[PDB]
file data-v5.pdb (PDB, C-alpha atoms)
ATOM      1  CA  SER A  79       0.000   0.000   0.000
ATOM      2  CA  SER A  80       1.487   3.303  -1.162
ATOM      3  CA  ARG A  81      -1.604   5.507  -1.398
ATOM      4  CA  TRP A  82      -1.638   7.671   1.730
ATOM      5  CA  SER A  83      -4.782   8.896   3.486
ATOM      6  CA  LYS A  84      -3.330  12.136   4.848
ATOM      7  CA  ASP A  85      -0.170  14.242   4.621
ATOM      8  CA  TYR A  86      -0.177  15.771   8.103
ATOM      9  CA  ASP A  87      -1.546  14.465  11.403
ATOM     10  CA  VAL A  88      -0.315  16.859  14.090
ATOM     11  CA  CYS A  89       1.613  20.132  13.924
ATOM     12  CA  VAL A  90       3.151  22.097  16.796
ATOM     13  CA  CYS A  91       3.534  25.765  15.870
ATOM     14  CA  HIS A  92       5.630  27.540  18.502
ATOM     15  CA  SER A  93       8.612  29.862  18.937
ATOM     16  CA  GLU A  94      12.166  28.520  18.746
ATOM     17  CA  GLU A  95      12.541  29.810  22.306
ATOM     18  CA  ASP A  96      10.846  26.570  23.351
ATOM     19  CA  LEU A  97      12.243  24.273  20.661
ATOM     20  CA  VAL A  98      13.182  21.940  23.515
ATOM     21  CA  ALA A  99       9.720  22.060  25.081
ATOM     22  CA  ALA A 100       7.799  21.338  21.879
ATOM     23  CA  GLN A 101      10.162  18.432  21.213
ATOM     24  CA  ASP A 102       9.895  17.257  24.820
ATOM     25  CA  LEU A 103       6.093  17.277  24.944
ATOM     26  CA  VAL A 104       5.737  15.872  21.428
ATOM     27  CA  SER A 105       8.148  13.075  22.338
ATOM     28  CA  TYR A 106       5.680  11.871  24.968
ATOM     29  CA  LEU A 107       2.856  11.293  22.485
ATOM     30  CA  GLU A 108       5.224  10.203  19.715
ATOM     31  CA  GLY A 109       6.020   7.228  21.927
ATOM     32  CA  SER A 110       3.350   4.722  22.931
ATOM     33  CA  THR A 111       0.787   7.186  24.283
ATOM     34  CA  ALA A 112      -1.131   8.791  21.420
ATOM     35  CA  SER A 113       0.400   6.692  18.642
ATOM     36  CA  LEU A 114       0.585   9.671  16.283
ATOM     37  CA  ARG A 115       3.197  11.530  14.237
ATOM     38  CA  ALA A 116       3.570  15.204  15.152
ATOM     39  CA  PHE A 117       5.897  17.628  13.371
ATOM     40  CA  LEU A 118       7.273  21.079  14.189
ATOM     41  CA  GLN A 119       7.363  23.562  11.308
ATOM     42  CA  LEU A 120       9.209  26.582  12.704
ATOM     43  CA  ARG A 121       9.406  29.778  10.651
ATOM     44  CA  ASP A 122      12.210  29.435   8.104
ATOM     45  CA  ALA A 123      14.196  32.202   6.412
ATOM     46  CA  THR A 124      12.495  32.797   3.062
ATOM     47  CA  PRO A 125      14.559  33.062  -0.149
ATOM     48  CA  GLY A 126      13.455  36.666  -0.563
ATOM     49  CA  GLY A 127      10.174  37.597  -2.204
ATOM     50  CA  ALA A 128       6.773  36.411  -1.005
ATOM     51  CA  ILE A 129       3.535  35.621  -2.834
ATOM     52  CA  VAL A 130      -0.009  34.719  -1.790
ATOM     53  CA  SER A 131       0.076  30.919  -1.693
ATOM     54  CA  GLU A 132      -3.202  29.181  -2.534
ATOM     55  CA  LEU A 133      -5.478  27.703   0.132
ATOM     56  CA  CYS A 134      -3.197  25.576   2.309
ATOM     57  CA  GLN A 135      -5.478  22.559   2.713
ATOM     58  CA  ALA A 136      -2.540  20.653   4.198
ATOM     59  CA  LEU A 137      -2.721  22.717   7.388
ATOM     60  CA  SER A 138      -6.420  21.844   7.549
ATOM     61  CA  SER A 139      -5.736  18.156   6.918
ATOM     62  CA  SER A 140      -4.173  17.888  10.376
ATOM     63  CA  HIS A 141      -6.203  16.521  13.288
ATOM     64  CA  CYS A 142      -4.787  18.486  16.222
ATOM     65  CA  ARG A 143      -2.103  21.090  16.917
ATOM     66  CA  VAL A 144      -0.265  22.427  19.967
ATOM     67  CA  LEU A 145       0.287  26.186  20.156
ATOM     68  CA  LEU A 146       2.499  27.502  22.956
ATOM     69  CA  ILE A 147       3.527  31.163  23.000
ATOM     70  CA  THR A 148       3.659  34.267  25.193
ATOM     71  CA  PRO A 149       1.039  37.028  25.581
ATOM     72  CA  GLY A 150       3.522  39.651  24.430
ATOM     73  CA  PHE A 151       4.813  37.755  21.405
ATOM     74  CA  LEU A 152       1.449  36.473  20.177
ATOM     75  CA  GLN A 153       0.284  40.087  20.389
ATOM     76  CA  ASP A 154       2.447  40.781  17.339
ATOM     77  CA  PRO A 155       0.783  41.228  13.922
ATOM     78  CA  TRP A 156       2.621  38.237  12.457
ATOM     79  CA  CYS A 157       1.216  35.785  15.003
ATOM     80  CA  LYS A 158      -2.248  37.303  14.591
ATOM     81  CA  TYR A 159      -2.153  37.282  10.789
ATOM     82  CA  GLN A 160      -0.659  33.786  10.841
ATOM     83  CA  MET A 161      -3.042  32.395  13.459
ATOM     84  CA  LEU A 162      -5.854  33.805  11.320
ATOM     85  CA  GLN A 163      -6.441  30.203  10.250
ATOM     86  CA  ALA A 164      -7.344  29.292  13.830
ATOM     87  CA  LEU A 165      -9.360  32.487  14.281
ATOM     88  CA  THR A 166     -11.796  32.420  11.362
ATOM     89  CA  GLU A 167      -9.939  30.805   8.462
ATOM     90  CA  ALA A 168     -10.397  27.354   9.995
ATOM     91  CA  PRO A 169     -11.543  24.045   8.452
ATOM     92  CA  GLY A 170     -14.286  23.310  10.964
ATOM     93  CA  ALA A 171     -13.295  20.658  13.493
ATOM     94  CA  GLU A 172      -9.803  19.672  12.353
ATOM     95  CA  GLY A 173      -6.320  21.091  12.846
ATOM     96  CA  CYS A 174      -7.534  22.601  16.111
ATOM     97  CA  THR A 175      -4.818  24.480  17.995
ATOM     98  CA  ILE A 176      -4.390  24.980  21.741
ATOM     99  CA  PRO A 177      -2.891  28.432  22.434
ATOM    100  CA  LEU A 178      -1.562  28.635  25.993
ATOM    101  CA  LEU A 179      -2.030  31.946  27.805
ATOM    102  CA  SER A 180      -1.015  33.197  31.253
ATOM    103  CA  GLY A 181      -4.281  34.609  32.561
ATOM    104  CA  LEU A 182      -5.092  36.983  29.710
ATOM    105  CA  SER A 183      -8.387  38.867  29.472
ATOM    106  CA  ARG A 184      -8.357  39.403  25.707
ATOM    107  CA  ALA A 185      -5.461  41.783  26.350
ATOM    108  CA  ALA A 186      -2.885  39.672  24.515
ATOM    109  CA  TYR A 187      -5.110  37.828  22.044
ATOM    110  CA  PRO A 188      -7.835  39.296  19.794
ATOM    111  CA  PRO A 189     -11.592  39.043  20.476
ATOM    112  CA  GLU A 190     -11.955  36.696  17.504
ATOM    113  CA  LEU A 191     -10.674  33.975  19.835
ATOM    114  CA  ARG A 192     -13.977  34.313  21.692
ATOM    115  CA  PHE A 193     -15.325  30.763  21.920
ATOM    116  CA  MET A 194     -15.901  27.733  24.146
ATOM    117  CA  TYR A 195     -12.182  27.386  24.868
ATOM    118  CA  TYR A 196     -11.284  29.585  27.837
ATOM    119  CA  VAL A 197      -7.493  29.892  27.814
ATOM    120  CA  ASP A 198      -6.045  28.190  30.891
ATOM    121  CA  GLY A 199      -2.628  28.344  32.527
ATOM    122  CA  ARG A 200      -2.660  31.645  34.401
ATOM    123  CA  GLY A 201       0.042  32.516  36.916
ATOM    124  CA  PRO A 202       3.178  30.438  37.578
ATOM    125  CA  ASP A 203       1.484  27.034  37.656
ATOM    126  CA  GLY A 204       3.474  25.360  34.896
ATOM    127  CA  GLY A 205       1.369  26.519  31.973
ATOM    128  CA  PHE A 206       4.126  25.284  29.674
ATOM    129  CA  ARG A 207       3.458  21.637  30.519
ATOM    130  CA  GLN A 208      -0.270  22.374  30.673
ATOM    131  CA  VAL A 209      -0.094  22.371  26.873
ATOM    132  CA  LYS A 210       0.127  18.578  27.012
ATOM    133  CA  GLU A 211      -3.057  18.338  29.080
ATOM    134  CA  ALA A 212      -4.862  20.672  26.680
ATOM    135  CA  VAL A 213      -4.348  18.394  23.678
ATOM    136  CA  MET A 214      -5.521  15.519  25.874
ATOM    137  CA  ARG A 215      -8.979  17.090  26.060
ATOM    138  CA  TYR A 216      -9.263  16.957  22.269
ATOM    139  CA  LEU A 217      -8.962  13.166  22.244
ATOM    140  CA  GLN A 218     -12.386  13.191  23.901
ATOM    141  CA  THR A 219     -13.754  13.438  20.360
ATOM    142  CA  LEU A 220     -12.512   9.894  19.755
ATOM    143  CA  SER A 221     -14.791   8.418  22.419
TER     144      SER A 221
END
call {"tool": "encode", "arguments": {"input": "data-v5.pdb", "output": "structure tokens"}}
result
Amino acid sequence: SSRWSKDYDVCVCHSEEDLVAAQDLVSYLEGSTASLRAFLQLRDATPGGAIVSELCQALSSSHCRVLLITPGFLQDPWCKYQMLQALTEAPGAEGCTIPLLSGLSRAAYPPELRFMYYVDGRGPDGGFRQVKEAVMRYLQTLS
């Protein structure tokens, strides 16, 4: 059998500042826990110019995604314009991301995020690791 069913299963979009974290948390599931194949596609230095790529269905082909960033960094226009896919430009119920926030009242993230999510991980309670528990709540769909 060569014909594949999907190209991407899980993607962890985060800053290189936590390259070790994303790889540490992903390593847990990669083992014999979730039995999935997650990949980290960090921003790469473009060759120069930049065009408007067609609808990236690949990003929507994924099942789940882990998003871990700061309230000050995510506040940037790049993160907002990039996360636009998770804001409104989403598939429907796939490629869902889990943005971790440290007790933010819509001060760091836009109002578009308004939904039945409720960002958790406020104060120094180990929000970083909490990202692993967040993705665990998504598996509930496979019950």
call {"tool": "residues_around", "arguments": {"input": "data-v5.pdb", "residues": "residue 100 of chain A", "least_positions_apart": "3", "cutoff": "12 Å", "atoms": "only C-alpha atoms", "output": "tab-separated table (two decimals) with C-alpha atoms, keeping the file's coordinate frame"}}
result
chain	number	residue	atom	x	y	z
A	89	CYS	CA	1.61	20.13	13.92
A	90	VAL	CA	3.15	22.10	16.80
A	91	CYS	CA	3.53	25.76	15.87
A	92	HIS	CA	5.63	27.54	18.50
A	93	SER	CA	8.61	29.86	18.94
A	94	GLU	CA	12.17	28.52	18.75
A	95	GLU	CA	12.54	29.81	22.31
A	96	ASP	CA	10.85	26.57	23.35
A	97	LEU	CA	12.24	24.27	20.66
A	103	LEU	CA	6.09	17.28	24.94
A	104	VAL	CA	5.74	15.87	21.43
A	105	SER	CA	8.15	13.08	22.34
A	106	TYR	CA	5.68	11.87	24.97
A	107	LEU	CA	2.86	11.29	22.48
A	108	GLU	CA	5.22	10.20	19.72
A	116	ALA	CA	3.57	15.20	15.15
A	117	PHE	CA	5.90	17.63	13.37
A	118	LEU	CA	7.27	21.08	14.19
A	119	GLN	CA	7.36	23.56	11.31
A	120	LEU	CA	9.21	26.58	12.70
A	143	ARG	CA	-2.10	21.09	16.92
A	144	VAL	CA	-0.26	22.43	19.97
A	145	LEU	CA	0.29	26.19	20.16
A	146	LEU	CA	2.50	27.50	22.96
A	147	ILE	CA	3.53	31.16	23.00
A	206	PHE	CA	4.13	25.28	29.67
A	207	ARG	CA	3.46	21.64	30.52
A	208	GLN	CA	-0.27	22.37	30.67
A	209	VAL	CA	-0.09	22.37	26.87
A	210	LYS	CA	0.13	18.58	27.01
call {"tool": "residues_near_point", "arguments": {"input": "data-v5.pdb", "point": "(-9.9, 25.9, 9.9)", "cutoff": "10 Å", "atoms": "all atoms listed in the file", "output": "PyMOL selection string"}}
result
chain A and resi 135+137-140+162-175
call {"tool": "resolve_selection", "arguments": {"input": "data-v5.pdb", "expression": "the PyMOL selection byres ((chain A and resi 191-197) around 10)", "output": "mmCIF file with C-alpha atoms, keeping the file's coordinate frame"}}
result
data_model
loop_
_atom_site.group_PDB
_atom_site.id
_atom_site.type_symbol
_atom_site.label_atom_id
_atom_site.label_comp_id
_atom_site.auth_asym_id
_atom_site.auth_seq_id
_atom_site.Cartn_x
_atom_site.Cartn_y
_atom_site.Cartn_z
ATOM 1 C CA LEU A 162 -5.854 33.805 11.320
ATOM 2 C CA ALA A 164 -7.344 29.292 13.830
ATOM 3 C CA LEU A 165 -9.360 32.487 14.281
ATOM 4 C CA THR A 166 -11.796 32.420 11.362
ATOM 5 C CA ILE A 176 -4.390 24.980 21.741
ATOM 6 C CA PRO A 177 -2.891 28.432 22.434
ATOM 7 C CA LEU A 178 -1.562 28.635 25.993
ATOM 8 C CA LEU A 179 -2.030 31.946 27.805
ATOM 9 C CA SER A 180 -1.015 33.197 31.253
ATOM 10 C CA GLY A 181 -4.281 34.609 32.561
ATOM 11 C CA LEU A 182 -5.092 36.983 29.710
ATOM 12 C CA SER A 183 -8.387 38.867 29.472
ATOM 13 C CA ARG A 184 -8.357 39.403 25.707
ATOM 14 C CA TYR A 187 -5.110 37.828 22.044
ATOM 15 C CA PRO A 188 -7.835 39.296 19.794
ATOM 16 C CA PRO A 189 -11.592 39.043 20.476
ATOM 17 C CA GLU A 190 -11.955 36.696 17.504
ATOM 18 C CA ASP A 198 -6.045 28.190 30.891
ATOM 19 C CA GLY A 199 -2.628 28.344 32.527
ATOM 20 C CA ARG A 200 -2.660 31.645 34.401
ATOM 21 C CA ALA A 212 -4.862 20.672 26.680
#
call {"tool": "resolve_selection", "arguments": {"input": "data-v5.pdb", "expression": "the PyMOL selection byres ((chain A and resi 85) around 10)", "output": "NGL selection string"}}
result
:A and (82-84 or 86-88 or 136-137 or 139-140)
call {"tool": "atom_distance", "arguments": {"input": "data-v5.pdb", "atom1": "atom CA of residue 150 of chain A", "atom2": "atom CA of residue 186 of chain A"}}
result
6.4 Å
call {"tool": "atom_distance", "arguments": {"input": "data-v5.pdb", "atom1": "atom CA of residue 114 of chain A", "atom2": "atom CA of residue 142 of chain A"}}
result
10.3 Å
call {"tool": "atom_distance", "arguments": {"input": "data-v5.pdb", "atom1": "atom CA of residue 131 of chain A", "atom2": "atom CA of residue 158 of chain A"}}
result
17.6 Å
call {"tool": "decode", "arguments": {"input": "data-v5.pdb", "residues": "segment 113-157 of chain A", "atoms": "N, CA and C atoms", "output": "PDB file, in the first residue's frame"}}
result
ATOM      1  N   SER A 113       0.167   7.476  19.849  1.00  0.00           N
ATOM      2  CA  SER A 113       0.400   6.692  18.642  1.00  0.00           C
ATOM      3  C   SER A 113       0.185   7.542  17.393  1.00  0.00           C
ATOM      4  N   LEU A 114       0.718   8.758  17.413  1.00  0.00           N
ATOM      5  CA  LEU A 114       0.585   9.671  16.283  1.00  0.00           C
ATOM      6  C   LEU A 114       1.947  10.200  15.847  1.00  0.00           C
ATOM      7  N   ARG A 115       1.959  10.962  14.758  1.00  0.00           N
ATOM      8  CA  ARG A 115       3.197  11.530  14.237  1.00  0.00           C
ATOM      9  C   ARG A 115       3.094  13.048  14.126  1.00  0.00           C
ATOM     10  N   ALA A 116       3.603  13.746  15.136  1.00  0.00           N
ATOM     11  CA  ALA A 116       3.570  15.204  15.152  1.00  0.00           C
ATOM     12  C   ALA A 116       4.855  15.788  14.576  1.00  0.00           C
ATOM     13  N   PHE A 117       4.744  16.963  13.965  1.00  0.00           N
ATOM     14  CA  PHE A 117       5.897  17.628  13.371  1.00  0.00           C
ATOM     15  C   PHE A 117       5.917  19.110  13.732  1.00  0.00           C
ATOM     16  N   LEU A 118       7.115  19.669  13.847  1.00  0.00           N
ATOM     17  CA  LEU A 118       7.273  21.079  14.189  1.00  0.00           C
ATOM     18  C   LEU A 118       7.810  21.871  13.000  1.00  0.00           C
ATOM     19  N   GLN A 119       6.972  22.742  12.449  1.00  0.00           N
ATOM     20  CA  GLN A 119       7.363  23.562  11.308  1.00  0.00           C
ATOM     21  C   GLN A 119       7.629  25.001  11.738  1.00  0.00           C
ATOM     22  N   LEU A 120       8.828  25.248  12.253  1.00  0.00           N
ATOM     23  CA  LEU A 120       9.209  26.582  12.704  1.00  0.00           C
ATOM     24  C   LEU A 120       9.465  27.504  11.516  1.00  0.00           C
ATOM     25  N   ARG A 121       9.203  28.793  11.707  1.00  0.00           N
ATOM     26  CA  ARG A 121       9.406  29.778  10.651  1.00  0.00           C
ATOM     27  C   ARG A 121      10.820  29.684  10.086  1.00  0.00           C
ATOM     28  N   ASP A 122      10.917  29.536   8.770  1.00  0.00           N
ATOM     29  CA  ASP A 122      12.210  29.435   8.104  1.00  0.00           C
ATOM     30  C   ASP A 122      12.503  30.691   7.290  1.00  0.00           C
ATOM     31  N   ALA A 123      13.784  31.025   7.165  1.00  0.00           N
ATOM     32  CA  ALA A 123      14.196  32.202   6.412  1.00  0.00           C
ATOM     33  C   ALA A 123      13.865  32.051   4.931  1.00  0.00           C
ATOM     34  N   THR A 124      12.907  32.844   4.460  1.00  0.00           N
ATOM     35  CA  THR A 124      12.495  32.797   3.062  1.00  0.00           C
ATOM     36  C   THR A 124      13.645  33.176   2.137  1.00  0.00           C
ATOM     37  N   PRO A 125      13.536  32.774   0.861  1.00  0.00           N
ATOM     38  CA  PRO A 125      14.559  33.062  -0.149  1.00  0.00           C
ATOM     39  C   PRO A 125      14.608  34.541  -0.518  1.00  0.00           C
ATOM     40  N   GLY A 126      13.514  35.250  -0.253  1.00  0.00           N
ATOM     41  CA  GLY A 126      13.455  36.666  -0.563  1.00  0.00           C
ATOM     42  C   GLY A 126      12.033  37.166  -0.718  1.00  0.00           C
ATOM     43  N   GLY A 127      11.527  37.138  -1.948  1.00  0.00           N
ATOM     44  CA  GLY A 127      10.174  37.597  -2.204  1.00  0.00           C
ATOM     45  C   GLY A 127       9.133  36.758  -1.490  1.00  0.00           C
ATOM     46  N   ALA A 128       7.867  37.136  -1.640  1.00  0.00           N
ATOM     47  CA  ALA A 128       6.773  36.411  -1.005  1.00  0.00           C
ATOM     48  C   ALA A 128       5.461  36.635  -1.749  1.00  0.00           C
ATOM     49  N   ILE A 129       4.802  35.542  -2.118  1.00  0.00           N
ATOM     50  CA  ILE A 129       3.535  35.621  -2.834  1.00  0.00           C
ATOM     51  C   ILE A 129       2.392  35.059  -1.996  1.00  0.00           C
ATOM     52  N   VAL A 130       1.169  35.214  -2.492  1.00  0.00           N
ATOM     53  CA  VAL A 130      -0.009  34.719  -1.790  1.00  0.00           C
ATOM     54  C   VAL A 130      -0.309  33.274  -2.170  1.00  0.00           C
ATOM     55  N   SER A 131       0.277  32.338  -1.431  1.00  0.00           N
ATOM     56  CA  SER A 131       0.076  30.919  -1.693  1.00  0.00           C
ATOM     57  C   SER A 131      -1.408  30.563  -1.643  1.00  0.00           C
ATOM     58  N   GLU A 132      -1.810  29.613  -2.481  1.00  0.00           N
ATOM     59  CA  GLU A 132      -3.202  29.181  -2.534  1.00  0.00           C
ATOM     60  C   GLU A 132      -3.656  28.644  -1.180  1.00  0.00           C
ATOM     61  N   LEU A 133      -4.919  28.238  -1.105  1.00  0.00           N
ATOM     62  CA  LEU A 133      -5.478  27.703   0.132  1.00  0.00           C
ATOM     63  C   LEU A 133      -4.682  26.495   0.613  1.00  0.00           C
ATOM     64  N   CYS A 134      -3.999  26.654   1.741  1.00  0.00           N
ATOM     65  CA  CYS A 134      -3.197  25.576   2.309  1.00  0.00           C
ATOM     66  C   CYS A 134      -4.086  24.536   2.985  1.00  0.00           C
ATOM     67  N   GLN A 135      -4.609  23.608   2.191  1.00  0.00           N
ATOM     68  CA  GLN A 135      -5.478  22.559   2.713  1.00  0.00           C
ATOM     69  C   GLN A 135      -4.702  21.612   3.622  1.00  0.00           C
ATOM     70  N   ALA A 136      -3.395  21.522   3.398  1.00  0.00           N
ATOM     71  CA  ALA A 136      -2.540  20.653   4.198  1.00  0.00           C
ATOM     72  C   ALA A 136      -2.660  20.982   5.682  1.00  0.00           C
ATOM     73  N   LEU A 137      -2.618  22.270   6.004  1.00  0.00           N
ATOM     74  CA  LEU A 137      -2.721  22.717   7.388  1.00  0.00           C
ATOM     75  C   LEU A 137      -4.078  22.349   7.980  1.00  0.00           C
ATOM     76  N   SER A 138      -5.073  22.195   7.112  1.00  0.00           N
ATOM     77  CA  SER A 138      -6.420  21.844   7.549  1.00  0.00           C
ATOM     78  C   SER A 138      -6.600  20.329   7.591  1.00  0.00           C
ATOM     79  N   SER A 139      -5.678  19.612   6.957  1.00  0.00           N
ATOM     80  CA  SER A 139      -5.736  18.156   6.918  1.00  0.00           C
ATOM     81  C   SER A 139      -5.345  17.561   8.268  1.00  0.00           C
ATOM     82  N   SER A 140      -4.616  18.338   9.061  1.00  0.00           N
ATOM     83  CA  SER A 140      -4.173  17.888  10.376  1.00  0.00           C
ATOM     84  C   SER A 140      -5.364  17.643  11.296  1.00  0.00           C
ATOM     85  N   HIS A 141      -5.148  16.838  12.332  1.00  0.00           N
ATOM     86  CA  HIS A 141      -6.203  16.521  13.288  1.00  0.00           C
ATOM     87  C   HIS A 141      -6.153  17.467  14.484  1.00  0.00           C
ATOM     88  N   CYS A 142      -4.969  17.613  15.067  1.00  0.00           N
ATOM     89  CA  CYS A 142      -4.787  18.486  16.222  1.00  0.00           C
ATOM     90  C   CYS A 142      -3.448  19.212  16.148  1.00  0.00           C
ATOM     91  N   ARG A 143      -3.331  20.303  16.899  1.00  0.00           N
ATOM     92  CA  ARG A 143      -2.103  21.090  16.917  1.00  0.00           C
ATOM     93  C   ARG A 143      -1.880  21.717  18.290  1.00  0.00           C
ATOM     94  N   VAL A 144      -0.615  21.844  18.678  1.00  0.00           N
ATOM     95  CA  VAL A 144      -0.265  22.427  19.967  1.00  0.00           C
ATOM     96  C   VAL A 144       0.412  23.782  19.792  1.00  0.00           C
ATOM     97  N   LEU A 145      -0.251  24.834  20.260  1.00  0.00           N
ATOM     98  CA  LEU A 145       0.287  26.186  20.156  1.00  0.00           C
ATOM     99  C   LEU A 145       0.692  26.718  21.527  1.00  0.00           C
ATOM    100  N   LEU A 146       1.982  26.987  21.694  1.00  0.00           N
ATOM    101  CA  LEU A 146       2.499  27.502  22.956  1.00  0.00           C
ATOM    102  C   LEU A 146       3.343  28.752  22.729  1.00  0.00           C
ATOM    103  N   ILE A 147       2.821  29.898  23.154  1.00  0.00           N
ATOM    104  CA  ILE A 147       3.527  31.163  23.000  1.00  0.00           C
ATOM    105  C   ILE A 147       3.237  32.100  24.167  1.00  0.00           C
ATOM    106  N   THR A 148       3.852  33.279  24.139  1.00  0.00           N
ATOM    107  CA  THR A 148       3.659  34.267  25.193  1.00  0.00           C
ATOM    108  C   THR A 148       2.605  35.294  24.799  1.00  0.00           C
ATOM    109  N   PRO A 149       2.063  36.002  25.800  1.00  0.00           N
ATOM    110  CA  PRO A 149       1.039  37.028  25.581  1.00  0.00           C
ATOM    111  C   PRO A 149       1.595  38.262  24.880  1.00  0.00           C
ATOM    112  N   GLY A 150       2.891  38.503  25.054  1.00  0.00           N
ATOM    113  CA  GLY A 150       3.522  39.651  24.430  1.00  0.00           C
ATOM    114  C   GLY A 150       3.946  39.375  23.001  1.00  0.00           C
ATOM    115  N   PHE A 151       4.375  38.144  22.741  1.00  0.00           N
ATOM    116  CA  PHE A 151       4.813  37.755  21.405  1.00  0.00           C
ATOM    117  C   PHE A 151       3.618  37.534  20.483  1.00  0.00           C
ATOM    118  N   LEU A 152       2.647  36.763  20.958  1.00  0.00           N
ATOM    119  CA  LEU A 152       1.449  36.473  20.177  1.00  0.00           C
ATOM    120  C   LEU A 152       0.701  37.756  19.830  1.00  0.00           C
ATOM    121  N   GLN A 153       0.935  38.802  20.615  1.00  0.00           N
ATOM    122  CA  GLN A 153       0.284  40.087  20.389  1.00  0.00           C
ATOM    123  C   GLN A 153       0.740  40.704  19.071  1.00  0.00           C
ATOM    124  N   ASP A 154       1.900  40.271  18.591  1.00  0.00           N
ATOM    125  CA  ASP A 154       2.447  40.781  17.339  1.00  0.00           C
ATOM    126  C   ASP A 154       1.475  40.548  16.186  1.00  0.00           C
ATOM    127  N   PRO A 155       1.637  41.329  15.108  1.00  0.00           N
ATOM    128  CA  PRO A 155       0.783  41.228  13.922  1.00  0.00           C
ATOM    129  C   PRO A 155       1.022  39.938  13.144  1.00  0.00           C
ATOM    130  N   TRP A 156       2.262  39.463  13.160  1.00  0.00           N
ATOM    131  CA  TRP A 156       2.621  38.237  12.457  1.00  0.00           C
ATOM    132  C   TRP A 156       1.858  37.043  13.021  1.00  0.00           C
ATOM    133  N   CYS A 157       1.902  36.888  14.339  1.00  0.00           N
ATOM    134  CA  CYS A 157       1.216  35.785  15.003  1.00  0.00           C
ATOM    135  C   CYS A 157      -0.291  35.867  14.775  1.00  0.00           C
TER     136      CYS A 157
END
